[PDB]
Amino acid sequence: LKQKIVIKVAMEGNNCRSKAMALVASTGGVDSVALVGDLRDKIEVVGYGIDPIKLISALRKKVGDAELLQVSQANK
């Protein structure tokens, strides 16, 4: 049922990560969102019915460059 998606966000300046967190969190079906990773530049989101390709497109349009890094199932 639930998906885990991880996105790397470019640190281009002016609170990119905060803005990306906000945009990801606003997506329908989200249960949780966290800033993670060795460089604190990855957003990990868990939820249902999230389209990862659309989420990347929206980040690139509204916040800055972003890359999809992981898609996995969370229903162990």
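Residue indices: 1-based, along the sequence shown.
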Q. Relative to the other compared entries, is residue 13 without coordinates in a third or more of them?
A. yes
**Q.** Which of 21-29 and 6-14 has higher mean CA B factor, as the PDB entry lists it
**A.** 6-14
Q.
Looking at the temperature factor on the CA atom of residue 56, which third of the chain's modelled residues does it land in?
A. middle
Q. Can you tell me which third, lowest, middle or highest, the CA B-factor of residue 70 falls into for its chain?
A. lowest
